[PDB]
Amino acid sequence: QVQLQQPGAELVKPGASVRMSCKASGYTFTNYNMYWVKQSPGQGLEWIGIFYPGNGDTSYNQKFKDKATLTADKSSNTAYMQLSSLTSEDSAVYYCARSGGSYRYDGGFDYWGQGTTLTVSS
Amino acid sequence: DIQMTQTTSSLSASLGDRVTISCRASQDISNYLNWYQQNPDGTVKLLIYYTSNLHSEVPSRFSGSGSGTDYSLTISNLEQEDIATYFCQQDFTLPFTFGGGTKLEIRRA
Amino acid sequence: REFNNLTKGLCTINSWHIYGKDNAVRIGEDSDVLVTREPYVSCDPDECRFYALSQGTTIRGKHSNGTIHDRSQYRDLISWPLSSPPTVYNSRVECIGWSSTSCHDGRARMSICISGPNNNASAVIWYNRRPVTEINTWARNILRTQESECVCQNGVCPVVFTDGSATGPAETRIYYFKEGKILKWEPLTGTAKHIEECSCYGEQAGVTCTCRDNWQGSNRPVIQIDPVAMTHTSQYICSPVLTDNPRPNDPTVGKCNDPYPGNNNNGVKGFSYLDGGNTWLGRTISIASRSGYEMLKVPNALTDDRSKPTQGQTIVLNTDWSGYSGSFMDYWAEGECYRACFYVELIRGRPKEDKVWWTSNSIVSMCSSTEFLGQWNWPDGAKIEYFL
Amino acid sequence: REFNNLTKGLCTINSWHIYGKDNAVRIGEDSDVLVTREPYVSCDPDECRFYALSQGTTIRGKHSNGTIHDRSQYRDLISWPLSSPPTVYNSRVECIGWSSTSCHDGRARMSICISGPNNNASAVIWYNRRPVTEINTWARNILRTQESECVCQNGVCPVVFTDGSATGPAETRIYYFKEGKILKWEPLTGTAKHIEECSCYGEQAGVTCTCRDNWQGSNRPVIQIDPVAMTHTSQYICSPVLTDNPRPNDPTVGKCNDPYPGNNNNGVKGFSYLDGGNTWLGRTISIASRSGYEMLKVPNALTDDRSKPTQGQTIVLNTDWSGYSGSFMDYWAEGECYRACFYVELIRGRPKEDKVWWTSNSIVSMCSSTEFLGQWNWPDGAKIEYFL
Ligand SMILES: CC(=O)N[C@H]1[C@H](O[C@H]2[C@H](O)[C@@H](NC(C)=O)CO[C@@H]2CO)O[C@H](CO)[C@@H](O[C@@H]2O[C@H](CO[C@H]3O[C@H](CO)[C@@H](O)[C@H](O)[C@H]3O)[C@@H](O)[C@H](O[C@H]3O[C@H](CO)[C@@H](O)[C@H](O)[C@@H]3O[C@H]3O[C@H](CO)[C@@H](O)[C@H](O)[C@@H]3O[C@H]3O[C@H](CO)[C@@H](O)[C@H](O)[C@@H]3O)[C@@H]2O)[C@@H]1O
Ligand SMILES: CC(=O)N[C@H]1[C@H](O[C@H]2[C@H](O)[C@@H](NC(C)=O)CO[C@@H]2CO)O[C@H](CO)[C@@H](O[C@@H]2O[C@H](CO[C@H]3O[C@H](CO)[C@@H](O)[C@H](O)[C@H]3O)[C@@H](O)[C@H](O[C@H]3O[C@H](CO)[C@@H](O)[C@H](O)[C@@H]3O[C@H]3O[C@H](CO)[C@@H](O)[C@H](O)[C@@H]3O[C@H]3O[C@H](CO)[C@@H](O)[C@H](O)[C@@H]3O)[C@@H]2O)[C@@H]1O
Ligand SMILES: *[C@@H]1O[C@H](CO)[C@@H](O)[C@H](O)[C@H]1NC(C)=O
Ligand SMILES: *[C@@H]1O[C@H](CO)[C@@H](O)[C@H](O)[C@H]1NC(C)=O
Ligand SMILES: *[C@@H]1O[C@H](CO)[C@@H](O)[C@H](O)[C@H]1NC(C)=O
Ligand SMILES: *[C@@H]1O[C@H](CO)[C@@H](O)[C@H](O)[C@H]1NC(C)=O
Ligand SMILES: [Ca+2]
Ligand SMILES: [Ca+2]
């Protein structure tokens, strides 16, 4: 049973940094690209990047090649995403999702986490 | 980027109904298009992938078709539990993109 | 020695047998291996050796920090014994510069090295261990060339250069040298939008080059060059089995005379043998990176805009890193057909493996078989944890 | 150059004089010596050099942890100057693979390397620095070959392979090559139950190989191969002086056409010169390990099922470690008879000396004398405490 478990909500001060825990359980962690997605009013759904546990490969949505730095702990089977320099606009909902094609970039995102809602305020 | 045009963010229908959602892509995505259902809480589920392939444990009623730049999801017998938002997406190239989405609603008095 | 002649044709390719592999980075952690990149292999009438762009520093020394950078005055083209590692003590500088190519016409070798600053680069053409011709920049914007062996027929060695934008149209020329001298040149024609890093092979008095369209193509431009008539042509692999990288996923149908859109301003040097039904393509496994490598039989890949693989053979698992790759053949091996060969530069270090400050590689090459040999995977083999 | 010819016979062997010894592990602790194993020696019409299966790493580098493992894609057959150590800077890769053999027919050398995964291995046959033939696996189970030089007569070089069970019957073939090409092959006949790691020598237009019955024999199978007729035969050394290892203690009488029972599913590569009264056997000193080594005159050891030693000569004390060993001869040394020669791979490290994580070796070889020279012991010579 693929299960991408993800926290409910993050509260952080504007200008700070934060880490998105995405604990995966249910299949061979090392075998599937892990994607990240942002869902915000106006823009809608947006792909941030991809982390392949098999060998550490990463690619980012050029529009996020600053804001995000993907990584993952193979031991604890968690993928991560740290967002640098949070602002009001960073408030959205971030989802980590698994690839249908495993290492390939086809087959859609077959499995999704529940979503972490990030909030920037004072 | 490849722009995903989803024209109609609201679709009224009635339980029992055969509804059809359509999606558009800037360029020819060669069938590398999928469909996602996001139920009212937040759950984003995958239904069809690569135009017509149903994902594991996806109601046999859900359809997907289209070629070139135009694709479409066809819901046969609208059940209450289908009143969610459907998002098409392309994985033909990087980056991956998603359409605007389409919120299904009920036609009543 | 008489000048060589593309007299034979390619043999039936059914399998790719192992040909060379210098575990350079493996051995390099405790030996004096030079830092390199942009390797390739070429043969003279009695030897085949590796070649590459040295960085003028070994792997373990302090002067390796910054080797990602691919252009400096401390890079030379070095050659070396087939399958041994490029060690300071066994390598043999060939010329100075950061972009090259080299072929042996029969009598002697011709080596070309390009050096200089981006806007003021030059190519000094050596023929037989001596410089003989120089060509200054034409578009004053990174005059660059093949990065893999060139082919010669009866004394004429066609070679491809590019000077200009690496993300918009530019100016490429097909120079035709003989014993180091420029017999002529000509601007690029045909339908190929952008040319870069051409991999050329010869057979049947005609040279074929598969290159890199950095600007707009995910498919690849090809240049059918005629050594005698000294003309040439260009187009694209019609096949929907895209071989450049990055690259969008495989389509059902492909473009023949225009670039396949989806990804732009990027690519990798690659190659292919186009021989009718006897055609194999090489490509990276990942659509997003230079990881893994594979060979696939795609009959009539050059003419058929729907052609799909009918046979295959992995070389490097998806989890392993690849890099540049090209063709070369022993035009002097006894036989009735030229055995097609190729090499894949296994890239180690930056930007992918950033626990180290260097960027270097190792080579793995293979040639064809008429037997249906079993496949094995050929990774670089080094453990990055050891250089920390 | 004309093709060689097994024209002469073996000289009277009365003593074994020292011929080569590269203190590889000694020097290796402070030099760039490659990790090896499965060595042997061969000669061309003007040189004799060492050969071995490199592990693609030096001894002191971090990439030596795990070298016990005898099959990986980072192993190449390397050759080198007689008696010098296999250093990165002086070794010369010969082909890629983890099982080999090589002979020089007169005109050129033939080298064979087997690589691939257990179930999908291949043997690419190089002849004159160029690959020319390939042979895919037949029983899909560790296609392996000699591990020591092969012999050729008038252009034909018989060579023995085995593909199958290493602990039950399997499929061995005697391939007959000429200038790299397969002239024919044939399945194993004769009374030999299992063949592995054949040591072949030539003399009088007939090749003789002594091998390893890993399955059931403590005595050793022999293969009398005829280079011209291209046939062959097999049986066992009748002698009760058992030479395989592990091995039960020496019996009073021996088996000639069936394996001597007592120990099974194990052994070591070994050799022997069978020349009537002029016959010497080589064997390890320990009945339980590859420690020590000795040579013994056992007249009519091949025919006489009761033959016992009449002369001897130690080479390595029992306390010192031995390993594989085989034959080879300078078929080009001026003379009226071929001087028999042999080498013993002195194994250092794992599994015996486990204070280190590597496994490697050094060579000591000898040739015959007609004099009754005094004996000396020839250990590896390195101190394992120094690599800690
Ligand atoms: C002589 C022989 O038998 N060779 C085969 C080889 O055999 C080995 C044995 O397995 C081994 N062990 C034993 C016990 O025998 C011993 O060694 C043998 C020799 O090495 O086995 C390989 C591996 O399976 C096999 O290669 C495949 O060949 C396929 C051809 O198949 C068929 O057609 C023949 C001939 O008519 C027919 O006989 C058969 O009946 C058919 O099955 C070839 O299709 C395979 O390649 C595809 O799959 C790979 C993954 O396996 C992909 O990475 C590869 O790129 C390709 O598929 C991608 O691309 C195609 C083309 O558009 C597309 O259709 C796919 O959807 C897929 O695309 C996706 O992946 C790409 C790569 O990441 C992306 O870029 C793209 O966007 C998509 O995302 C394979 O080559 C030997 O022939
Ligand atoms: C030319 C010459 O004289 N050569 C002899 C050599 O001389 C050296 C000088 O000593 C030295 N110094 C000086 C001051 O001169 C200078 O160098 C000289 C040349 O190097 O000396 C050696 C060593 O002694 C000698 O070798 C022995 O030869 C024996 C032959 O002996 C006789 O027959 C001759 C000829 O007819 C006759 O002249 C004599 O009158 C007889 O003595 C040979 O038997 C010896 O080998 C046995 O013993 C070894 C231990 O010494 C064993 O390790 C060896 O394997 C073998 O004995 C084992 O096997 C046999 C066969 O079945 C068995 O009978 C034994 O029981 C024993 O078996 C056990 O051990 C084995 C090994 O561990 C086990 O595998 C087995 O199960 C048993 O457990 C020795 O070769 C030179 O000829
Ligand atoms: C050069 O590499 C070293 C060695 O790890 C590193 O610490 C140093 O900071 C690098 N150079 C620069 C300019 O950072
Ligand atoms: C090589 O090729 C050309 C082809 O036109 C031919 O003219 C010439 O005679 C041949 N030369 C040699 C040196 O074999
Ligand atoms: C590799 O060898 C080192 C060096 O002594 C040792 O500590 C290490 O644990 C070995 N590898 C493994 C997998 O144990
Ligand atoms: C070598 O040996 C064979 C033996 O039959 C003989 O036919 C041939 O004439 C000899 N060849 C040379 C090249 O000496
Ligand atoms: Ca491109
Ligand atoms: Ca045995």
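First residue shown is number 1, and so on along the chain.
Positions of Cβ are set from backbone N, Cα and C atoms, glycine also.
Together with C:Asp213, C:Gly217, C:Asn266, Swiss-Prot lists one candidate of C:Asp244, C:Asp250, C:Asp304 for binding Ca(2+), that being C:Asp244. Of all the recorded positions given, namely C:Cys43, C:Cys113, C:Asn120, none has its Cα within 10 Å of the Cα of C:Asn266 (Ca(2+) binding site). Not one of the disulfide-bonded residues C:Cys11, C:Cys95, C:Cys256 has a CB under 6 Å from ligand 4.
The residues near the Ca(2+) site, meaning same-chain residues not in C:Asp213, C:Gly217, C:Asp244, C:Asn266 whose C-beta sits within 8 angstroms of the mean position of the site's C-beta atoms, are C:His194, C:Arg212, C:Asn214, C:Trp215, C:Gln216, C:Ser218, C:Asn219, C:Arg220, C:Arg247, C:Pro259, C:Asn263, C:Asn264, C:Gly267, in sequence order. Cα of C:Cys238 (disulfide bond) to Cα of C:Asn65 (N-linked glycosylation site): a span of 42 Å. Checked against ligand 3, the recorded positions C:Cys48, C:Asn65, C:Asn120, C:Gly217, C:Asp244, C:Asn266 give C:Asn65 as the ones with a Cβ under 6 Å from it, listed in sequence order. Look at the disulfide-bonded residues C:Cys11, C:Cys198, C:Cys337 and count other Cβ atoms within 10 Å of each Cβ; C:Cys337 has the fewest.
Distance from the CA of C:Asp213 (Ca(2+) binding site) to the CA of C:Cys152 (disulfide bond) is 24 Å. Summarising the environment of C:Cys157 (disulfide bond), the number of other Cβ atoms within 10 Å of its Cβ, over all protein chains shown, is 29. Here the CA atom of C:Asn120 (N-linked glycosylation site) lies 16 Å from the CA atom of C:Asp70 (active site, proton donor/acceptor).
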